[PDB]
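Student: Got a structure for you, written out below as structure tokens; questions coming shortly.
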Amino acid sequence: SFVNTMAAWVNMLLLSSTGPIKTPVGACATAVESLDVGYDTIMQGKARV
Amino acid sequence: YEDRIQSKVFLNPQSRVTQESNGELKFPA
Amino acid sequence: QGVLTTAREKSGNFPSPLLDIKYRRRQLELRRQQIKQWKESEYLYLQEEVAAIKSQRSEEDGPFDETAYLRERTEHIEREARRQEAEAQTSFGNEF
Amino acid sequence: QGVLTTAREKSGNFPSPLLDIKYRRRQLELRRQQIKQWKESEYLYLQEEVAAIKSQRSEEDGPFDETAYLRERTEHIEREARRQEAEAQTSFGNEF
């Protein structure tokens, strides 16, 4: 029931990684906020892909 | 990575996966 | 043990110079000097470009407020200098 | 209308120089030159500091692999230079 369990399963089946994970809840506009979050995270050396 | 290596791989910021003999990407020992 | 990788590091035989605050000290005020000299080199360049567009200005072109144009331009060299400071301050104290 | 503030700007009478790609061009390869000269100035400094710790080394102290120590040190000046490049490239093309 957690928003980030989806995210987790992605990491437990495909890309096994010690990468950052920041999962957002921006209601209707979530998908974009996610782009932001991902964007910023990448522009801070936190991750490249 | 095989389990025994994990701590090392996690800490060597340059450890990277090499192609292997079956075609599988592994961290090398 | 994901969180273990916040201690990921492969140091050679010798520690990075950057861990030494003095090394960063040098390099910092190195760029601080390197910066103060640009600050003037740019002031010069604006002086030239000032009368350099006085000579090209036709009489149907708007009268250039030398006070206006040279104000915004100096203030800018100021900001831009200050900016450049904090930014070298960034790459040597914060995010090195 | 929150999203309206991604268009907030108070420009004076004259546009910021930075909106002109050429201005950034200048300043960029300005620091690129300013950078290449540091790159050497630092090579010099390492040469000195090399034999400068040969003269202070006691015989009970570990033998300093000049090849080792000078390798890591040159490679570093390289990285650090490269870094400094992208970083001025950052403040003039990306995040200005």
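Chains as they are written, first to last, in our numbering: chain A, 88 to 136; chain B, 5 to 33; chain C, 8 to 103; chain D, 8 to 103.
Cβ atoms here follow ideal geometry from the backbone N, Cα and C, with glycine treated the same way.
Taking 8 Å as the cut-off, does the segment 32-42 of chain D touch the segment 80-94 of chain D (at least 3 CB pairs, one atom from each stretch)?
Tutor: The segment 80-94 of chain D vs the segment 32-42 of chain D: in contact.
Student: With contact counted as at least three CB pairs below 8 Å, one residue from each stretch, are the segment 91-111 of chain A and the segment 18-28 of chain B in contact?
Tutor: no
Student: Please list, in chain order, the chain C residues whose beta carbon lies closer than 8 Å to that of residue 105 of chain A.
Tutor: For this step, residue 105 of chain A is matched to residue 18 along the first sequence. Result: 9, 11 and 12.
Student: List the residues of chain B that residue 73 of chain C touches, going by C-beta distances under 9 Å, in chain order.
Tutor: Taking the third sequence and counting its residues from 1, one reaches residue 73 of chain C at position 66. Simply none; closest approach about 55 Å.
Student: At a cut-off of 7 Å, is residue 92 of chain C close to the ligand ATP when judged by its beta-carbon and the heavy atoms of the ligand?
Tutor: As far as ligands go, the structure on display features none, and thus does not contain the ligand ATP.
Student: Does the beta carbon of residue 101 of chain C come closer than 8 Å to any beta carbon on chain D?
Tutor: Sequence index remark: in the third sequence, residue 101 of chain C carries index 94 (1-based). With 8 Å as the cut-off, residue 101 of chain C does not count as an interface residue toward chain D.
Student: Could you name the residues that DSSP lists as bridge partners for residue 30 of chain B?
Tutor: On the second sequence, residue 30 of chain B is found 26 positions in, with the first residue counted as 1. BP columns for residue 30 of chain B point to B:22.
Student: Quick check: the Cα distance between residue 43 of chain D and residue 49 of chain D, rounded to an integer number of angstroms?
Tutor: Your numbering for residue 43 of chain D matches position 36 in the fourth sequence. Your numbering for residue 49 of chain D matches position 42 in the fourth sequence. When rounded, the distance between both Cα atoms is 10 Å.
Student: How is the alpha helix (DSSP H) around residue 5 of chain B delimited, first residue to last?
Tutor: Translated into the one-based positions of the second sequence, residue 5 of chain B becomes position 1. Note, residue 5 of chain B: premise wrong, no alpha helix (DSSP H); not H, not E.
Student: State the DSSP-derived secondary structure class of residue 131 of chain A, mapped to helix, strand or coil.
Tutor: Counted from its first residue, the first sequence places residue 131 of chain A at position 44. Note: residue 131 of chain A maps to coil in three-state DSSP.
Student: With a cut-off of 8 Å, does the C-beta of residue 32 of chain B fall near any C-beta of chain C?
Tutor: Here residue 32 of chain B refers to the residue found at position 28 of the second sequence. No, its Cβ sits nowhere closer than 8 Å to a Cβ of chain C.
Student: Would you mind working out which of D:75, D:66, D:9 and D:10 sits nearest residue 57 of chain D, comparing C-alpha positions?
Tutor: On the fourth sequence, residue 57 of chain D is found 50 positions in, with the first residue counted as 1. Checked all of D:75, D:66, D:9 and D:10; the closest Cα to residue 57 of chain D is D:75.
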